[PDB]
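Below: the structure, in structure tokens.
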Amino acid sequence: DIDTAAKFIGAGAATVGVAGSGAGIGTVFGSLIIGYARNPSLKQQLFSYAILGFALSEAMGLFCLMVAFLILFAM
Amino acid sequence: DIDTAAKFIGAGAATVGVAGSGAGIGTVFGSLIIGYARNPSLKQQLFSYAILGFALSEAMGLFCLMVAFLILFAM
Amino acid sequence: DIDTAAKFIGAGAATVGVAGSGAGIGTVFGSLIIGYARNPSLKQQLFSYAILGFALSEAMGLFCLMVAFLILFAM
Amino acid sequence: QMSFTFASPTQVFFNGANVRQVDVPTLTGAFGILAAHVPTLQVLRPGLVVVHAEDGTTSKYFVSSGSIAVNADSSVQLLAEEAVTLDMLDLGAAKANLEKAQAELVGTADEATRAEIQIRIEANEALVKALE
Amino acid sequence: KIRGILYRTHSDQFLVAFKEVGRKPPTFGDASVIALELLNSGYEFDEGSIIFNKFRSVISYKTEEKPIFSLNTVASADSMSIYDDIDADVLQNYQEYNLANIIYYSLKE
Amino acid sequence: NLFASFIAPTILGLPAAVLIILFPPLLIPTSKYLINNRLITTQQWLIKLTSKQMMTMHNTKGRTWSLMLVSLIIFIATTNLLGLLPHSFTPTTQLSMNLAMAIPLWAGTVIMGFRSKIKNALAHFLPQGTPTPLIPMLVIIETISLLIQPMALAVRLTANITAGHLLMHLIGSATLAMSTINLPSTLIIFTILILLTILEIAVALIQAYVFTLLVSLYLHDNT
Amino acid sequence: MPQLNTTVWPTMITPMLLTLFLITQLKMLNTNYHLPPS
Amino acid sequence: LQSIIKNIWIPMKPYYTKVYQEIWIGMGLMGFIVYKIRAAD
Amino acid sequence: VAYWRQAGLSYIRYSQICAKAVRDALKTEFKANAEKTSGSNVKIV
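Protein chains in written order, with the deposited numbering: chain 1, 1 to 75; chain 8, 1 to 75; chain 7, 1 to 75; chain H, 15 to 146; chain G, 111 to 219; chain N, 4 to 226; chain Q, 1 to 38; chain P, 2 to 42; chain I, 2 to 46.
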């Protein structure tokens, strides 16, 4: 078969989109260190921006993992 | 066939474009934490840019998830 | 027909260059937050640079989608 | 919106004035200061200070040390220990004393008394570039 | 004069003293010197006040004391968190200069 | 033919891989005296500087491992450094050995985080200032990464000593090929091998300090 | 990859455990730092 | 076979019993992995 | 942390040399007047 074959390169190359959410979570939690080394009295408000940036960058990672698991098992 | 096979490799290699919409959403919310910890008196106006930047970098990510769902479902 | 099936790969792989622009727009609108949180009385002229940067990177993100539409249909 | 205050120990240039921009030579690198600039506080190094009046017309003084402090209410207090307008400095003695400073460093090897030469070197190096 | 008065009671509680104050009008060169030996003294002072005669008119003056803060109190105050580009060195250079000012402003009053 | 330096060494039918794993401790002599020789004076100083580094960040229960996490940076930093010798078989390029140093020190670290203090170890999976409405996604990360930390250690060290030896062995074969060709080029390929050997010396120590720091950081998060 | 030849794994596991846990540590227990005197 | 108690186990007594007790619980996990990996090969 | 701060100096000593340098570059019309309006006379016991 050539469908079951290509559906592995597809679902295998679709999951490179996680390379984005790898360096998006590294910047959010990287600049949180620089945002805290400057104004440590905002530790509760900063960390609530890091979790917002960690959940919105990773959500773009899931949208890729969601597609790789869509062109593999769903259809 | 050979087409329905390649349609999965093209739709997979196209949704890698989200990897640039995950490093942007990371840098925007990475500067919202740095910019707001420097001048917390501008919380409402700095956050009004981190929503524009979030929506404008994620608009280039949709342009890839769209051309993926064009080779995959339309043609 | 190995060529018509190849167009779905060259056109689905050219559109991953858009992931460059989408990462150079989060840098621009993440530098507009760091540069406005410092000297906010320049909001007018800064935003006329965060548009020259947005419209010069996102032009490179269109040169990729220009070849993606040059292989998929113009051949 | 800006409340400038530029004052030597013996002279006052501005006081509560409303200028739109100042360009000071801070030790951590120069920066320009418009209204609502982020609150900071620094210490100057030898260099110019350009003051942009509301009319867009400038004014250029050569501070030598001190401390600028932008505040939360857009007030600025620039205090220079010796702030002489460029119409009072000469180019010949700056370049000459810079040479007398540079030539005296190589003859010196102690960490302390050579550190006082580099500060005299950069103070004169910042002089030649201010005049012309 | 201020030494020769308190030299009797509190003489060991005395870091350093100065001369030649009064003959010539006090200049910043005098306030800058006094600030140096207040730092080249090995006294880890954690709080300070300078007492001078505030001039109001030809008829009357008042005595006054101005507070002098060290680094660990101006760097730890949570009201200094708004001040940008600040590290514990650019505060030291700013606290060492503001010692020569409050002495100069005192010598003129 | 290329991975020859990683096959289990045997001489005369004897598994010589045991006289190579037991040798590192032979280079660390000890003495009860008060003023000894230069070797034990420099070594007892390194062990002092090292133990003050990994162990200072721990509480009183974490400092009971101050014999393990110091006798481990001494065994990995001496096995790697004894691998840079010519033809040497360094047993840290083995996924077997590395998986045997990684799993116990890791399992014995989360167990004491699950057999005791468990109610506190349940709070590292959920960071402090975390809003709720997307928690059912974060639970996957903090567990599946925990379940793969023991394999991160053993492969971060295997793939860094293996690839370091493979590179030095290839660039070495390059200089051999261009030896009978333009020789002023051999001297530029060789000076790349020298800068690469100074790198593989540093990465021989760094890969020992990072291994025993990540085992330390796991411990610090469970004691 | 010769690392995957699992027939020689017990030849690498046991002499390691006999070194990381018994021989290297024993030599550390002999390295003692006495407290300084008055 | 003496001093295998004195030199070899007397020192390691407070560690092999109390401190490394959970290490062995992990070392059993490891042995189960190694045999299983060799079982499927 | 600048080099002079590593060399033991203080910003007062830094400012005394930078201000001396500016006056040393003043022109003779102003150099005499500027030096006495900022010269030092105090002395330590």
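Ideal placement from N, C-alpha and C gives every residue a C-beta, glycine not left out.
- Could you tell me whether the Cβ of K44 (chain I) comes closer than 8 Å to any Cβ of chain G? The residue given as residue 44 (chain I) occupies position 43 in the ninth sequence. At least one chain G Cβ lies under 8 Å of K44 (chain I).
- Message: Would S180 (chain G) and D197 (chain G) qualify as a contact pair, given that the criterion is a beta-carbon distance under 8 Å?
- Response: Working through the fifth sequence from its first residue, we reach residue 180 (chain G) at position 70. Working through the fifth sequence from its first residue, we reach residue 197 (chain G) at position 87. No. Outside cutoff.
- Message: If I measure Cβ to Cβ from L65 (chain 1) and keep anything under 7 Å in the same chain, skipping five residues before and after, which residues do I get?
- Response: The count along the first sequence starts at 1 and reaches residue 65 (chain 1) at position 65. Excluding residues within five positions, the ones whose Cβ falls inside 7 Å are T15 and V18.
- Rounded separation between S11 (chain I) and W5 (chain I) - CA only: Along the ninth sequence, read from residue 1 onward, the residue named residue 11 (chain I) stands at position 10. Along the ninth sequence, read from residue 1 onward, the residue named residue 5 (chain I) stands at position 4. Straight-line Cα distance between these residues: approximately 7 Å.
- With DSSP as the reference, label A140 (chain H) as helix, strand or coil. Counted from its first residue, the fourth sequence places residue 140 (chain H) at position 126. In the structure shown, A140 (chain H) sits in a helix (DSSP, three-state: H, G or I).
- Query: Can you give the Cα-Cα distance for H61 (chain N) and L42 (chain 1), rounded to whole angstroms?
  - Reply: If you number the sixth sequence from 1, residue 61 (chain N) lands on position 58. If you number the first sequence from 1, residue 42 (chain 1) lands on position 42. If you take the alpha carbons of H61 (chain N) and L42 (chain 1), they lie about 27 Å apart.
- Scan the stretch 15 to 36 of chain Q for residues whose Cβ lies nearer than 9 Å to a Cβ of chain N and list them as they occur along the chain. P15, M16, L17, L18, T19, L20, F21, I23, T24, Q25, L26, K27, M28, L29, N30, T31, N32, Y33 and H34
- Leaving out five residues before and five after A50 (chain 7) in sequence, what residues of the same chain have Cβ atoms less than 8 Å from its Cβ? Within the third sequence, the letter at position 50 stands for residue 50 (chain 7). Taken in chain order, the residues that qualify are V28, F29, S31 and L32.
- Is the CB of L70 (chain 8) under 8 Å away from at least one CB in chain 1? If you number the second sequence from 1, residue 70 (chain 8) lands on position 70. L70 (chain 8) does not count as touching chain 1.
- C-beta contact flag for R39 (chain P) and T14 (chain Q) at 8 Å: As a position in the eighth sequence, residue 39 (chain P) is number 38, starting the count at 1. As a position in the seventh sequence, residue 14 (chain Q) is number 14, starting the count at 1. The answer is no: Cβ separation not under 8 Å.
- Query: Whole-angstrom Cβ separation of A5 (chain 8) and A5 (chain 1), contact assumed at under 8 Å?
  - Reply: Numbered from 1 along the second sequence, position 5 holds the residue referred to as residue 5 (chain 8). Numbered from 1 along the first sequence, position 5 holds the residue referred to as residue 5 (chain 1). Contact flag correct, Cβ pair sits at about 7 Å.
- In whole angstroms, what separates the C-alpha of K28 (chain I) from that of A144 (chain H)? Taking the first residue of the ninth sequence as 1, we reach residue 28 (chain I) at position 27. Taking the first residue of the fourth sequence as 1, we reach residue 144 (chain H) at position 130. Their Cα atoms are separated by approximately 15 Å.
- Query: Taking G22 (chain 8) as the reference, which of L62 (chain 1), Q45 (chain 1), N39 (chain 1) and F47 (chain 1) has the closest Cα?
  - Reply: Translated into positions along the second sequence, residue 22 (chain 8) becomes position 22. Of the candidates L62 (chain 1), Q45 (chain 1), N39 (chain 1) and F47 (chain 1), the one whose C-alpha sits nearest the C-alpha of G22 (chain 8) is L62 (chain 1).
- Item | Which listed residue (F162 (chain G), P177 (chain G) and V143 (chain G)) has its alpha carbon closest to that of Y171 (chain G) | One-based indexing of the fifth sequence puts residue 171 (chain G) at position 61. The residue with the shortest Cα to Cα distance from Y171 (chain G) is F162 (chain G).
- Please report how far the alpha carbon of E58 (chain 8) lies from the alpha carbon of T178 (chain N), in whole angstroms. On the second sequence, residue 58 (chain 8) is found 58 positions in, with the first residue counted as 1. On the sixth sequence, residue 178 (chain N) is found 175 positions in, with the first residue counted as 1. Approximately 50 Å, taken between the alpha carbons.
- Task: Could you give the DSSP three-state label for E203 (chain N): helix, strand or coil?
- Result: One-based indexing of the sixth sequence puts residue 203 (chain N) at position 200. If DSSP states are grouped into helix, strand and coil, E203 (chain N) belongs with the helices.
- Alpha carbon to alpha carbon, how far is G20 (chain 8) from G24 (chain 1)? Give it in angstroms, no decimals. Taking the first sequence and counting its residues from 1, one reaches residue 24 (chain 1) at position 24. Taking the second sequence and counting its residues from 1, one reaches residue 20 (chain 8) at position 20. Their backbone Cα atoms lie some 9 Å apart in a straight line.
- Item | Paired residues, beta bridge with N29 (chain H) - DSSP | By 1-based counting over the fourth sequence, the position of residue 29 (chain H) is 15. According to DSSP, which records beta bridges pairwise, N29 (chain H) is partnered with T19 (chain H).
- Between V43 (chain I) and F124 (chain G), is the Cβ-Cβ spacing less than 8 Å? What you label residue 43 (chain I) is simply residue 42 of the ninth sequence in a count that begins at 1. What you label residue 124 (chain G) is simply residue 14 of the fifth sequence in a count that begins at 1. No, they are not a contact pair.
- Members of the stretch 45 to 66 of chain 1 near chain B, C-beta cut-off 7 Å: No chain B is present in this structure, whose protein chains are 1, 8, 7, H, G, N, Q, P and I.
- Query: Which residue from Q25 (chain H), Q35 (chain H) and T24 (chain H) puts its Cα closest to that of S17 (chain H)?
  - Reply: Your numbering for residue 17 (chain H) matches position 3 in the fourth sequence. The candidate whose alpha carbon is nearest that of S17 (chain H) is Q35 (chain H).
- Message: Which of the three DSSP states is assigned to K164 (chain G) in this structure?
- Response: The residue labelled residue 164 (chain G) in the question sits at position 54 within the fifth sequence. Residue state, collapsed to three classes: strand.
- Task: May I ask whether a heavy atom of the ligand GTP can be found less than 7 Å away from the beta carbon of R128 (chain H)?
- Result: As presented, the structure is devoid of all ligands, the ligand GTP included, so that no description of it is given.
- Task: Measuring alpha carbon to alpha carbon, tell me which of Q56 (chain H), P39 (chain H) and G43 (chain H) ends up nearest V64 (chain H).
- Result: Position 50 of the fourth sequence, counted from the start, is the residue given in the question as residue 64 (chain H). Checked all of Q56 (chain H), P39 (chain H) and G43 (chain H); the closest Cα to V64 (chain H) is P39 (chain H).
- Message: If we define contact as Cβ-Cβ less than 8 Å, is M100 (chain N) a contact residue for chain Q?
- Response: Here residue 100 (chain N) corresponds to residue number 97 of the sixth sequence, with the count starting at 1. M100 (chain N) counts as touching chain Q.
- Task: Measure how close the beta-carbons of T24 (chain Q) and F78 (chain N) come, nearest whole angstrom, since I'm counting them as under 8 Å.
- Result: For the purposes of this step, residue 24 (chain Q) is taken as residue 24 along the seventh sequence, with counting starting at 1. For the purposes of this step, residue 78 (chain N) is taken as residue 75 along the sixth sequence, with counting starting at 1. Sure, about 5 Å apart at Cβ, within 8 Å.
- For the stretch 21 to 43 of chain 1, enumerate the residues whose C-beta is nearer than 9 Å to any C-beta of chain G, in chain order. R38, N39, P40, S41 and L42
- Message: I believe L156 (chain N) touches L217 (chain N) by the beta-carbon criterion, under 8 Å. Please report the beta-carbon distance rounded to the nearest angstrom.
- Response: In the sixth sequence, residue 156 (chain N) corresponds to position 153, counting from 1. In the sixth sequence, residue 217 (chain N) corresponds to position 214, counting from 1. Correct: roughly 6 Å between the Cβ atoms.
- Query: I think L100 (chain H) touches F76 (chain H), with their Cβ atoms under 8 Å apart; what is that distance to the nearest whole Å?
  - Reply: If you number the fourth sequence from 1, residue 100 (chain H) lands on position 86. If you number the fourth sequence from 1, residue 76 (chain H) lands on position 62. Yes, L100 (chain H) and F76 (chain H) are in contact; Cβ-Cβ is about 6 Å, under 8 Å.
- Taking only beta-carbon atoms, is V84 (chain H) less than 8 Å away from chain 7? As a working note, residue 84 (chain H) is residue 70 in the fourth sequence. False, the Cβ-Cβ gap to chain 7 never drops below 8 Å.
- When you compare each of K64 (chain N), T189 (chain N) and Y221 (chain N) to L150 (chain N) by their alpha carbons, which one comes out closest? Position 147 of the sixth sequence, counting from 1, holds the residue named residue 150 (chain N). Here the closest residue by C-alpha is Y221 (chain N).
- Buried or exposed: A145 (chain G), going by 16 or more other Cβ atoms within 10 Å of its Cβ? Position 35 of the fifth sequence, counted from the first residue, corresponds to residue 145 (chain G). Counting Cβ neighbours within 10 Å, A145 (chain G) comes out buried, since at least 16 surround it.
- Message: Taking the alpha-carbon of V98 (chain H) as reference, which of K74 (chain H), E113 (chain H) and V84 (chain H) has the nearest alpha-carbon?
- Response: Taking the first residue of the fourth sequence as position 1, residue 98 (chain H) is located at position 84. Of the candidates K74 (chain H), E113 (chain H) and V84 (chain H), the one whose C-alpha sits nearest the C-alpha of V98 (chain H) is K74 (chain H).
- How many whole angstroms separate the CB atoms of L41 (chain H) and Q56 (chain H), which I take to be in contact at a CB cut-off of 8 Å? Here residue 41 (chain H) corresponds to residue number 27 of the fourth sequence, with the count starting at 1. Here residue 56 (chain H) corresponds to residue number 42 of the fourth sequence, with the count starting at 1. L41 (chain H) to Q56 (chain H), Cβ: 7 Å. Contact.
- Item | Whole-angstrom distance between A20 (chain I) and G80 (chain H), CA atom to CA atom | Taking the fourth sequence and counting its residues from 1, one reaches residue 80 (chain H) at position 66. Taking the ninth sequence and counting its residues from 1, one reaches residue 20 (chain I) at position 19. Computed Cα separation, rounded: 10 Å.
- Message: Please state whether the Cβ-Cβ distance between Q131 (chain N) and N163 (chain N) is less than 8 Å.
- Response: Stepping through the sixth sequence from its first residue, residue 131 (chain N) is reached at position 128. Stepping through the sixth sequence from its first residue, residue 163 (chain N) is reached at position 160. No; because the gap between Cβ atoms is not below 8 Å, this pair is not in contact.
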